[PDB]
Every structure is written in structure tokens, then in C-alpha cells.
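The basis for the numbers below is simple: all heavy atoms, side chains too, and nothing from hydrogens, waters or symmetry mates. We're numbering straight along the sequence, starting at 1.
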Amino acid sequence: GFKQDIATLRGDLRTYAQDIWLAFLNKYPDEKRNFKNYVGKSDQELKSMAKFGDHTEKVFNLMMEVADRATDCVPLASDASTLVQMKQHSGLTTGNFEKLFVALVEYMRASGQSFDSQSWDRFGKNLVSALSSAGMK
Ligand code: HEM
């Protein structure tokens, strides 16, 4: 289920984080505009860029904490407010997060592993609802 999936992802988090983030950026190429330095680079090149690996892992470090603190795939209001108020998320709208979790769920469905893809789909929707409620446009 959802909780075990958190453990599975945390057991190889840098690799899962990079693979899911790349699935997101490759499914939605315009999303690279939010990072600038990722433009014009293949996956293997991005994986050799220090900030890509370090920032992407930290993204998923926090994502797993928010998932772990959720109840029935519904994140805490305080976690949603943190994601809205982060200076690094100044530009973002809920659409950016919706697309990320579409790609994450698609990644899990295509995976050979028994991820609870439906729970991650609910989590993505519930997180988008919470971000909107906490003031993200
Ligand atoms: C649950 C989902 C997300 C979580 C937990 C999360 C978390 C984080 C964290 C921890 C950082 C700091 C990284 C660092 O400074 O090393 C960060 C930075 C950033 N995030 Fe998010 N993020 C999420 C979703 C998104 C999405 C969907 C986008 C855009 C499509 C986004 C755009 C950015 C940008 C532009 C930065 C700063 C620039 C950069 O790190 O290169 N984030 N995020």
C-alpha cells in the first residue's frame, strides 16, 4: 500500500527521485522553464549535474515526509502551507503539481513493482486540493 511504497522509494531515493523527476520533465517539457539550467540536456547529462541530483533528491526527501505525515493520502495543512509559501515555489500554480503526480503515477504503473498507484493518484489530487486551500493559484 501507500505506506510501504514510501518505504520502497526511500530505500533507493536518489534513483527513484531522479527517474520520476525526469519522467515529469520529459512528459511536460515546458516545466523545464522553471529551472532554466535543465534546458538542452539529456537525462544522463542532467544526472551528472550536481544541482540536479542534489535538488531533486531534496524535493523527494520532503515529498516522502509529506506523504508519511498524511492520513488516508490527505496531507497535513501545515505541509501544504509550507509548499505554498516556500520562496522557491513563488511562480508555481497547482497545475505544476497536478502534472508531476500524473507523471509519477504513470511511472509507477509502468514499473515492474507493486506500487499502490491508485493511492498515489489520490495523494496527488488531495495535495493539489490542499495547495489550493492554502492559497496557491
Ligand atoms: C510534492 C511536491 C514537491 C515538493 C515536496 C518540493 C520540494 C522542493 C524542495 C525541498 C526544494 C528545495 C531544493 C533545493 O534547494 O535543494 C524545491 C525547490 C524548487 N522546486 Fe519544488 N517541490 C515539489 C514540487 C514542485 C513542482 C511540481 C515544481 C515545478 C513544476 C517545483 C519547482 C521548484 C523550483 C523551481 C525550485 C527551486 C529551483 C531549483 O530547485 O532548481 N517544485 N522544491
Side-chain angles (χ1 to χ4, degrees), residues 1-35 38-40 42-86 88-97 99-117 119-136:
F2 190 67
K3 281 291 200 174
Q4 177 55 36
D5 291 349
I6 298 172
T8 299
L9 299 166
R10 277 177 165 159
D12 195 15
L13 196 48
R14 198 163 180 99
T15 296
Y16 278 124
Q18 286 185 140
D19 285 358
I20 294 175
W21 204 238
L22 290 166
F24 164 55
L25 296 176
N26 286 326
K27 181 171 190 75
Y28 303 102
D30 290 330
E31 295 298 317
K32 268 183 184 182
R33 295 194 190 125
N34 299 287
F35 308 89
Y38 298 175
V39 169
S42 67
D43 290 4
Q44 290 297 106
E45 290 176 289
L46 290 168
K47 285 166 69 192
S48 269
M49 286 162 61
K51 293 200 178 177
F52 182 88
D54 292 343
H55 287 209
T56 302
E57 165 145 37
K58 292 182 177 167
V59 167
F60 278 74
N61 291 344
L62 182 54
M63 188 194 303
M64 295 302 99
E65 292 192 57
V66 173
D68 199 22
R69 290 192 285 264
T71 296
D72 283 7
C73 307
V74 175
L76 298 177
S78 61
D79 277 327
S81 197
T82 289
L83 293 163
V84 173
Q85 300 288 312
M86 273 169 65
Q88 279 157 316
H89 289 169
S90 296
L92 308 184
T93 62
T94 61
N96 300 109
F97 291 78
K99 299 179 172 55
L100 165 65
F101 281 93
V102 166
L104 178 147
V105 169
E106 174 184 295
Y107 172 92
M108 292 186 160
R109 297 209 149 115
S111 165
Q113 308 199 242
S114 59
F115 287 113
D116 183 359
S117 66
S119 283
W120 289 95
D121 192 43
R122 293 194 289 125
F123 177 64
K125 290 181 192 337
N126 296 338
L127 177 64
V128 163
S129 180
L131 296 167
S132 176
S133 149
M136 181 172 288

From [X] atom [atom1] to [Y] atom [atom2], the distance as rounded to the nearest 0.5 Å:
| X | Y | atom1 | atom2 | answer |
| --- | --- | --- | --- | --- |
| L100 | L127 | CG | CG | 9.0 Å |
| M108 | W120 | CE | CH2 | 5.0 Å |
| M136 | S129 | CE | OG | 12.5 Å |
| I6 | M63 | CD1 | CE | 11.0 Å |
| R33 | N96 | CZ | CG | 11.0 Å |
| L25 | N34 | CG | CG | 9.0 Å |

- Note on the structure: ring-ring contact (aromatic ring centres under 6.0 Å, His included) filter on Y107, not counting sequence neighbours, yields none
Go through the structure and list residues passing side chain to side chain contact (heavy atoms under 4.5 Å, CB included) with [X], not counting sequence neighbours.
| X | value |
| --- | --- |
| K27 | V102, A103, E106 |
| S111 | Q113, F115 |
| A23 | none |

- Message: With a 6.0 Å cut-off on the ring centroids, do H89 and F97 count as close?
- Response: yes
- Between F60 and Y16, ring centroids under 6.0 Å: no
- Item | Smallest separation among heavy atoms of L131 and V84, with atom names | O-CG2, 3.6 Å
Residues two or more places apart in sequence or in another chain: which of them pass side chain to side chain donor-acceptor pair (under 3.5 Å) with [X]?
| X | answer |
| --- | --- |
| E57 | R14 |
| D19 | none |
| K3 | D68 |

Pairs of donor and acceptor atoms involving the side chains of residues 72-80, under 3.5 Å and at least two apart or interchain, shall be tabulated with distances.
unit_1	atom_1	unit_2	atom_2	d
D79	OD1	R69	NH2	3.0
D79	OD2	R69	NE	2.9

- Message: In terms of relative ring orientation, are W21 and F24 parallel, tilted or perpendicular, with 30° and 60° separating the classes?
- Response: tilted
- Task: Give a yes or no on whether a salt bridge exists between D121 and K125, defined as a side-chain N under 4.0 angstrom from a carboxylate O.
- Result: yes
- Ion pair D54/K51, N-O distance below 4.0 Å: no
- Donor-acceptor contact below 3.5 Å, side chain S132 vs main chain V128: no
- Query: Does the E45 side chain pair with the main chain of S42, one donor and one acceptor, at a distance under 3.5 Å?
  - Reply: yes
- Task: May I have the step-by-step check of side chain to side chain contact (heavy atoms under 4.5 Å, CB included) for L13 and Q18, ending in yes or no?
- Result: CA-CA 8 Å; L13 196 48; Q18 286 185 140; over 6 Å; no
